[PDB]
Each structure stands twice: as C-alpha cells, then as structure tokens.
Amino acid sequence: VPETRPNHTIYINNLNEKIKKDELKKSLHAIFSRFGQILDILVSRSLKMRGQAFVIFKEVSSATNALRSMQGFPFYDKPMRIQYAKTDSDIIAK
C-alpha cells in the first residue's frame, strides 16, 4: 500500500541490483539534483536493502517534483518506482 504522505525523502525501489553501489549512487544523484538540493543518497546492497534507495532533499517540494516527474522512468532497464519515505530520515530529524 504505496506511501503517499509527502516527505523530504523519496523511497525508490525496483532498482537494478547488478549495478555497483558507487555507480548507482552517482547515477541517482545525476538524475535527481535537477529537482533541488540533495542532502544525501543512501544506497545499500545488503540482502534486505538491495534494489532500493533513499534520496534526501532539502525541500519537500523538491522530493514531490522528483517523485512525480521520474515515476516509472526506465533506469538501467528497470522502471523506477518512487514513493515518499515512510518516516523522516535522520538528518531531517536534525
């Protein structure tokens, strides 16, 4: 049941798991910095966290625009599925 409550952070899944962590992070940044200031991008290839990423924007409006505009975009041959993060990210609790 898709998370639709707006947030500073977007949650992305259905990411291609064969992409190297570093290259994935850099591609995500390239794709999303257009939408606004990104504080951070959290990427892990653990069993639990692979295929997934969190990109943290400074403004909520940036996250919203990023979410709406990049939905379903084919990224390393896989359509990105984007929702808002369920709860705030740490840096945003600061």
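Here the rigid core means the biggest group of C-alpha atoms that line up within 1.5 Å when the two forms are laid on top of each other. Start at 1 and count along the sequence shown; that's the residue number.
The rigid core fit leaves 45 to 53 as the farther-lying stretch in 9 other deposited structures of this protein, judged by Cα positions and set against 45 to 53 and 23 to 31. Averaged over their C-alpha atoms, the temperature factors of 5 to 13 and 18 to 26 are higher for 18 to 26. The PDB entry assigns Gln37 a C-alpha temperature factor belonging to the middle third of its chain's modelled residues.
Sort the modelled residues of the chain by CA B factor and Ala63 lands in the lowest third. Sort the modelled residues of the chain by CA B factor and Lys86 lands in the highest third.
Placement of the Cα temperature factor of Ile56 within the chain: middle third of the modelled residues, per the deposited record.
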